[PDB]
Amino acid sequence: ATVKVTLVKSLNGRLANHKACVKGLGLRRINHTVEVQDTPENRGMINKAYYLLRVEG
Amino acid sequence: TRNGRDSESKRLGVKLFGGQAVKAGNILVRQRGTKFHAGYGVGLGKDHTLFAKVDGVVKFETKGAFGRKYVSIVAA
Amino acid sequence: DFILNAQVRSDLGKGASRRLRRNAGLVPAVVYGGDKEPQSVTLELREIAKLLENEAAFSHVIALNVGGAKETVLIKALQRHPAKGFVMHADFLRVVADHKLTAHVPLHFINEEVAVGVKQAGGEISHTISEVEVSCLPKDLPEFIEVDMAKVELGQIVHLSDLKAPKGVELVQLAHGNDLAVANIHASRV
Amino acid sequence: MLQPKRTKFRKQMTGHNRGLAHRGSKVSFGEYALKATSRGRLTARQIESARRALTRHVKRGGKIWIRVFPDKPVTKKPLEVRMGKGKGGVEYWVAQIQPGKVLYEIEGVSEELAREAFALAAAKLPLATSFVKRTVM
RNA sequence: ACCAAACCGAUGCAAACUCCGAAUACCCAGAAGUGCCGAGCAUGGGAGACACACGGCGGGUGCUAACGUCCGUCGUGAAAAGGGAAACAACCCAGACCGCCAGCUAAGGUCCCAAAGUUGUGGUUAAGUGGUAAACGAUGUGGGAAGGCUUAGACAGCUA
RNA sequence: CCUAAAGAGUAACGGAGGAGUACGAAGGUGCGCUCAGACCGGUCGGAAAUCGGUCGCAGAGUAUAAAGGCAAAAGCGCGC
RNA sequence: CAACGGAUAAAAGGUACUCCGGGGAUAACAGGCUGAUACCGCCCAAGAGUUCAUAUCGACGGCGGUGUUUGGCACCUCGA
RNA sequence: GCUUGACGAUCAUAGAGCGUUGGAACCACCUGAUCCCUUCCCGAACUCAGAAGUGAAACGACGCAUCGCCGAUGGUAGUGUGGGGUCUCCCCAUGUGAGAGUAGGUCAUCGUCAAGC
Ligand SMILES: [Mg+2]
Ligand SMILES: [Mg+2]
Ligand SMILES: [Mg+2]
Ligand SMILES: [Mg+2]
Ligand SMILES: [Mg+2]
Ligand SMILES: [Mg+2]
Ligand SMILES: [Mg+2]
Ligand SMILES: [Mg+2]
Ligand SMILES: [Mg+2]
Ligand SMILES: [Mg+2]
Ligand SMILES: [Mg+2]
Ligand SMILES: [Mg+2]
Ligand SMILES: [Mg+2]
Ligand SMILES: [Mg+2]
Ligand SMILES: [Mg+2]
Ligand SMILES: [Mg+2]
Ligand SMILES: [Mg+2]
Ligand SMILES: [Mg+2]
Ligand SMILES: [Mg+2]
Ligand SMILES: [Mg+2]
Ligand SMILES: [Mg+2]
Ligand SMILES: [Mg+2]
Ligand SMILES: [Mg+2]
Ligand SMILES: [Mg+2]
Ligand SMILES: [Mg+2]
Ligand SMILES: [Mg+2]
Ligand SMILES: [Mg+2]
Ligand SMILES: [Mg+2]
Ligand SMILES: [Mg+2]
Ligand SMILES: [Mg+2]
Ligand SMILES: [Mg+2]
Ligand SMILES: [Mg+2]
Ligand SMILES: [Mg+2]
Ligand SMILES: [Mg+2]
Ligand SMILES: [Mg+2]
Ligand SMILES: [Mg+2]
Ligand SMILES: [Mg+2]
Ligand SMILES: [Mg+2]
Ligand SMILES: [Mg+2]
Ligand SMILES: [Mg+2]
Ligand SMILES: [Mg+2]
Ligand SMILES: [Mg+2]
Ligand SMILES: [Mg+2]
Ligand SMILES: [Mg+2]
Ligand SMILES: [Mg+2]
Ligand SMILES: [Mg+2]
Ligand SMILES: [Mg+2]
Ligand SMILES: [Mg+2]
Ligand SMILES: [Mg+2]
Ligand SMILES: [Mg+2]
Ligand SMILES: [Mg+2]
Ligand SMILES: [Mg+2]
Ligand SMILES: [Mg+2]
Ligand SMILES: [Mg+2]
Ligand SMILES: [Mg+2]
Ligand SMILES: [Mg+2]
Ligand SMILES: [Mg+2]
Ligand SMILES: [Mg+2]
Ligand SMILES: [Mg+2]
Ligand SMILES: [Mg+2]
Ligand SMILES: [Mg+2]
Ligand SMILES: [Mg+2]
Ligand SMILES: [Mg+2]
Ligand SMILES: [Mg+2]
Ligand SMILES: [Mg+2]
Ligand SMILES: [Mg+2]
Ligand SMILES: [Mg+2]
């Protein structure tokens, strides 16, 4: 019902779309973690920026 | 070289897409010839411009014989 | 002997099929026909290629053992890598006792050295097509249509209507009002 | 030297040469063929020079097909000429070649005699080639 | 006896061909959350700038030459230090408020220069290949699936 | 028109063509009709004029380049 | 007023006798990148060599090396 | 519930071709050009007045896949994002996914009204 998402790579040089996807979950800096609800709209921003984030589930 | 000429671009094409809200008098499609034909609530200009005579929603249906494409306005 | 072994294929798509050829050395395949739904199978590459150097590979009926079940099919189409030539995909057509099926049957030219147009007038043979499309019940499907060119004068044309088919076999193209030439005799090139 | 009798337009863009040859990759007419394995393009002086070497070896019966037609004009800008000031004049014609395309075919000869004949033609062409027979499918 | 419109079947090519036809991009509507407490728009005060560079992708031009030239779209430099690529604006990692003789990692690495495995298991190479290259040539060597002859005597030698 | 990357826009002393007009009817409206081409027969024309018949569906036409259109024909004729 | 957002109603040339303000934003020399061209190798072998492709040459085609000629570009230098 | 006629929905899975078939009513052909109207000539077409004939043609219905038209499954090409290579081109992970061809399908399916059966 709730997922743990952690940013593990830099946001420098990413596409403006992907910067907006990580910023839409609440992540700000590297090794930051946030507990977001498991909604289809949030799940779709994780998958758009999968290569930057670690999902603990 | 005996080639360097061209003409300014006319900005033709679909202006309002399907499902959009129209007001009367709005311009829908700019054309050369009739690539889209006028359906219900749609009039044709003297340069084959499709505009709106009523208010509603763009439809964009193909129907009838000859397999034409029609732009119409339906109730929102 | 015309036997093939295949296992049921569950993972489909481009990524899964490219893995079968690269890692496992297998080949994707289809089993449609009859009155049944199509079934996806996979089979070894070194076994399908071993069956394909028989002359009557596509003109003979095969007993495809899928898992533990068995059934009677015929090679309908075959995909090959354009450059390397190995087989990439094959689809089988099921065989039903009461149902017409079409096939590609090779042509055997016989007693060419006995041809009149060669010894007497010094002509040359030129096969134009080495296969035909037939349509017959599976009980009387021929391995090869034998074309005889012993009594062929120089400059003579051999059409589809000039050859003989076994009992209950149709030439398809002839039935559609188009009897295209099979072979000819012509003067030497220079 | 093959070239179209007439063309709609005099010149062409350089373009690109991608993909494989899923069309024109079978032995359609003859019984043995010379296939292409690498990509490139043949310049209609190589196609002629490889045809002369092939028919001269057999020189007794047989029939030979050419399956490639050079129909793409290419240009060259003359020497000691700056950049610009138009597009250069047409110099020669080429055929785009993709891996798997069949180049020449032959029949009416022995299976072995075909191999020495295609090896003489393959040495005049700027790409890797392969020898294939005809299959039912 | 050469040539043959036209038709039939097979068979290729097209930026200025199309019976077809995506992925993306784009326009609209409705929804949860995040936004540094804002993002959007409007009206006013003050500007600077209108010589761009390279790298990836899609192209024209050139020779699918140039650290060449001209467009579209991203990233970096310009205006960006730190670590790596020996040195090396534009490549990879990562964005410096200040101090610490504290710890964990990224790219890249762990024999000595020079911080860290002369770490463990199974193979390959003999070329200092690694540590610059093409058509083509060769009993270099490892692995694999099949063939042709063969105790009616096979292959090399040797005698007629 | 292409380049131009399936919304618009997009450069080069890049690849190809046109314009600097015409029409008082070649405009409006009501009514009516379908082309090019092939073949067969027919007085001189004869491969090709005018005529009759069959097939055809747009391969014709559009004042003028090319692109996009054209059966309620936007094509052709007549009255006002 | 076509130089087509049209400086005026009204307008061509020389300078090796020349002068000033600037530019390596832009040429000539030399350097750099490239290597079409040039030079040097190699592959296939129709043929010449009385017969014999490779003693010696080698058509039609193909693959490279070097920076060496004619070029292409305009990166350094016009407070030499 | 069936036949005929008129108007529509939908634009080939609905079309073309072949064969059979209907006239009691409807329809068409049909008779005639006095009258209304007509032909760049002509009752061919348009129009009018009709009732001897015929379903010949046209039209409707019912049959056949021969041509046409639809058309899977599977595979292939291409492709957004991230990463590689021997980098004029391709490969890997993930998402997406044709065109052509094959098995096969199709001789349509509906609504309102008026006359009959
Ligand atoms: Mg920035
Ligand atoms: Mg980056
Ligand atoms: Mg131009
Ligand atoms: Mg032009
Ligand atoms: Mg433009
Ligand atoms: Mg109007
Ligand atoms: Mg993939
Ligand atoms: Mg180009
Ligand atoms: Mg193609
Ligand atoms: Mg195109
Ligand atoms: Mg065109
Ligand atoms: Mg704040
Ligand atoms: Mg302001
Ligand atoms: Mg300026
Ligand atoms: Mg500028
Ligand atoms: Mg720029
Ligand atoms: Mg510039
Ligand atoms: Mg630049
Ligand atoms: Mg380019
Ligand atoms: Mg580019
Ligand atoms: Mg190019
Ligand atoms: Mg530059
Ligand atoms: Mg470049
Ligand atoms: Mg760029
Ligand atoms: Mg600056
Ligand atoms: Mg830096
Ligand atoms: Mg540094
Ligand atoms: Mg270095
Ligand atoms: Mg350093
Ligand atoms: Mg550590
Ligand atoms: Mg590491
Ligand atoms: Mg140490
Ligand atoms: Mg060790
Ligand atoms: Mg070394
Ligand atoms: Mg070395
Ligand atoms: Mg676009
Ligand atoms: Mg556009
Ligand atoms: Mg611009
Ligand atoms: Mg002009
Ligand atoms: Mg007109
Ligand atoms: Mg006539
Ligand atoms: Mg009409
Ligand atoms: Mg001026
Ligand atoms: Mg101006
Ligand atoms: Mg202007
Ligand atoms: Mg003066
Ligand atoms: Mg001077
Ligand atoms: Mg002077
Ligand atoms: Mg001065
Ligand atoms: Mg000065
Ligand atoms: Mg400079
Ligand atoms: Mg300038
Ligand atoms: Mg000097
Ligand atoms: Mg210089
Ligand atoms: Mg210097
Ligand atoms: Mg000689
Ligand atoms: Mg070099
Ligand atoms: Mg030098
Ligand atoms: Mg030089
Ligand atoms: Mg420059
Ligand atoms: Mg100077
Ligand atoms: Mg100085
Ligand atoms: Mg000095
Ligand atoms: Mg009448
Ligand atoms: Mg599919
Ligand atoms: Mg798909
Ligand atoms: Mg399909």
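Methodologically, a virtual Cβ is constructed for each residue, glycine included, from the backbone with ideal geometry; neighbour enumeration extends over all protein chains shown. Computed from the coordinates by the stated procedures, all read-outs in this text should not be read as laboratory data.
Answer yes or no: is there a residue in segment D:19-31 that is farther than 19 Å from D:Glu116 by Cβ and part of a strand (DSSP E or B).
No: zero hits.
Aliphatic (A, V, I, L, M) and closer than 30 Å to C:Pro106 by Cβ - does that describe any residue in segment D:68-82?
Checking segment D:68-82: at least one residue is aliphatic (A, V, I, L, M) and closer than 30 Å to C:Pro106 by Cβ.
Go through (1) within 14 Å of chain D (Cβ to nearest Cβ); (2) touching a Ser or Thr at 6+ places or on another chain (Cβ under 6 Å) for C:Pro28 and report which single condition fails.
(1)
Give just the number: which of (1) loosely packed, with under 10 Cβ neighbours inside 10 Å; (2) in contact with a strand residue (DSSP E or B) (Cβ under 9 Å, 6 or more places away or on another chain); (3) not β-branched (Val, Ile, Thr) does B:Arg5 not satisfy?
Unmet for B:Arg5, out of (1) loosely packed, with under 10 Cβ neighbours inside 10 Å; (2) in contact with a strand residue (DSSP E or B) (Cβ under 9 Å, 6 or more places away or on another chain); (3) not β-branched (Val, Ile, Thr): (2).
So is C:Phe109 under 30 Å from D:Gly19 (Cβ atoms) and touching a strand residue (DSSP E or B) at 6+ places or on another chain (Cβ under 9 Å) or not?
The answer is no for C:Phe109.
Contact list please: Cβ distance under 6 Å, first residue in segment D:101-115 and more than 14 Å from every other protein chain (Cβ to nearest Cβ), second residue among the hydrophobic types (A, V, I, L, M, F, W, C) and surrounded by 16 or more Cβ atoms within 10 Å (Cβ to Cβ), pairs at least six apart or on different chains.
D:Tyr104/D:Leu34; D:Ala114/D:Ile106
This table checks each residue for (1) more than 10 Å from every other protein chain (Cβ to nearest Cβ); (2) farther than 30 Å from D:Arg60 by Cβ; (3) not small (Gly, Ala, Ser).
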site: C:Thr72; (1), (2), (3): yes, yes, yes
site: C:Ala77; (1), (2), (3): no, yes, no
site: C:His81; (1), (2), (3): no, yes, yes
site: C:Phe86; (1), (2), (3): yes, yes, yes
site: C:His99; (1), (2), (3): yes, yes, yes
site: C:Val114; (1), (2), (3): yes, no, yes
site: C:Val118; (1), (2), (3): yes, no, yes
site: C:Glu133; (1), (2), (3): yes, yes, yes
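Just to be sure, is C:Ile3 in contact with a strand residue (DSSP E or B) (Cβ under 8 Å, 6 or more places away or on another chain), away from RNA strand G (no atom under 16 Å from the Cβ) and within 14 Å of chain D (Cβ to nearest Cβ)?
Spelling it out, it is not the case that C:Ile3 is in contact with a strand residue (DSSP E or B) (Cβ under 8 Å, 6 or more places away or on another chain), away from RNA strand G (no atom under 16 Å from the Cβ) and within 14 Å of chain D (Cβ to nearest Cβ).
Would you point out which residue out of A:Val8, A:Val55, A:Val22, A:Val36 is aliphatic (A, V, I, L, M), over 8 Å from the mean Cα position of the chain (by Cα) and crowded, with 16+ Cβ neighbours inside 10 Å?
Of the residues listed, the single one that is aliphatic (A, V, I, L, M), over 8 Å from the mean Cα position of the chain (by Cα) and crowded, with 16+ Cβ neighbours inside 10 Å is A:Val36.
Inspect segment D:83-97 for any residue being closer than 27 Å to D:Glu111 by Cβ and either surrounded by 19 or more Cβ atoms within 10 Å (Cβ to Cβ) or away from chain C (no Cβ under 14 Å) (or both) and give the result as yes or no.
Yes: one or more hits.
Look at B:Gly33 and say whether it is under 14 Å from the mean Cα position of the chain (by Cα), of a type in the set (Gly, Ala, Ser), at positive phi and more than 16 Å from RNA strand H (Cβ to nearest atom).
Spelling it out, B:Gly33 is indeed under 14 Å from the mean Cα position of the chain (by Cα), of a type in the set (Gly, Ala, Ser), at positive phi and more than 16 Å from RNA strand H (Cβ to nearest atom).
Return a yes/no flag: does segment D:45-61 have any residue that is away from chain C (no Cβ under 12 Å), in a loop (DSSP other than H, G, I, E, B) and under 26 Å from D:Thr135 (Cβ atoms).
no
Of these, C:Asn5, C:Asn23, C:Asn111, C:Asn54, which one is surrounded by fewer than 15 Cβ atoms within 10 Å (Cβ to Cβ) and touching a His at 6+ places or on another chain (Cβ under 8 Å)?
The conditions single out C:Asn54.
Return yes or no: is C:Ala83 under 19 Å from the mean Cα position of the chain (by Cα), surrounded by 12 or more Cβ atoms within 10 Å (Cβ to Cβ) and assigned to a loop (DSSP other than H, G, I, E, B)?
In short, no.
Name the one entry in D:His57, D:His16, D:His22 that is more than 13 Å from RNA strand E (Cβ to nearest atom), out of contact with any strand residue (DSSP E or B) (no Cβ under 8 Å at 6 or more places or on another chain) and not β-branched (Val, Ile, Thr).
Just a single option satisfies the conditions, and that option is D:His57.
Only one of (1) more than 16 Å from RNA strand H (Cβ to nearest atom); (2) among the charged types (D, E, K, R); (3) over 10 Å from the mean Cα position of the chain (by Cα) fails for B:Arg68. Which number is that?
(1)
For segment C:20-75, give me every one of the strands (runs of 3 or more DSSP E) that falls completely inside it and has 2 or more residues that are within 22 Å of C:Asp98 (Cα to Cα) and not β-branched (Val, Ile, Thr).
Because the criterion is at least 2 residues that are within 22 Å of C:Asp98 (Cα to Cα) and not β-branched (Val, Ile, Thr), the strands (runs of 3 or more DSSP E) in segment C:20-75 that meet it are C:26-33, C:62-66.
Take segment C:44-86 and flag every residue that is in contact (Cβ under 8 Å) with a residue 24 or more places away in the chain and touching a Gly at 6+ places or on another chain (Cβ under 6 Å).
Listed by number, the list holds a single entry, C:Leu45.
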